[PDB]
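One structure below.
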DNA sequence: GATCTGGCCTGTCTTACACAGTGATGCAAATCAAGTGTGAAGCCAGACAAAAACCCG
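Numbering (the entry's author numbering), first residue to last: 99 to 119, 122 to 136.
So, in structure tokens, the structure goes:
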């Protein structure tokens, strides 16, 4: 486990509520994680 | 005529030299640690009908 893995496991429901479908969801997650 | 001597011939060590090994490093690269999230396949229950080869009348 790493910081990115923890952030993903913590904010996956965010992308879930945002878009159902997870290419674009994971892309946006990685983008916002690299931004923050 | 009787030895004395310089120059090849050739079987000798003798000696350097590259290679094969042992071990360990050490970077380039393929794969995986988990996160969902679909998304396309594989097979099975329900009962009903088409190609291909060998033997008999």
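Virtual Cβ for every residue (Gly too), placed ideally from N, Cα, C.
Comparing alpha-carbon positions, which option in 115, 118 and 109 lies nearest residue 131? For the purposes of this step, residue 131 is taken as residue 31 along the first chain, with counting starting at 1. In this structure, 109 is the residue among 115, 118 and 109 with its C-alpha nearest to the C-alpha of residue 131.
For residue 104 and residue 113, which I take to be in contact (beta-carbon distance under 8 Å), what is that distance rounded to the nearest angstrom? On the first chain, position 6 is the one that residue 104 refers to. On the first chain, position 15 is the one that residue 113 refers to. Actually they do not touch by this definition, with Cβ atoms about 15 Å apart.
Along the chain, where does the alpha helix (DSSP H) containing residue 130 start, and where does it finish? Counted from its first residue, the first chain places residue 130 at position 30. Boundaries of the alpha helix (DSSP H) around residue 130: 123–135.
Beta-carbon contacts of residue 122 that lie in its chain and below 7 Å, excluding the five residues immediately before and after: As a working mapping, residue 122 is identified with position 22 in the first chain. Closer than 7 Å at Cβ, skipping near neighbours: 113.
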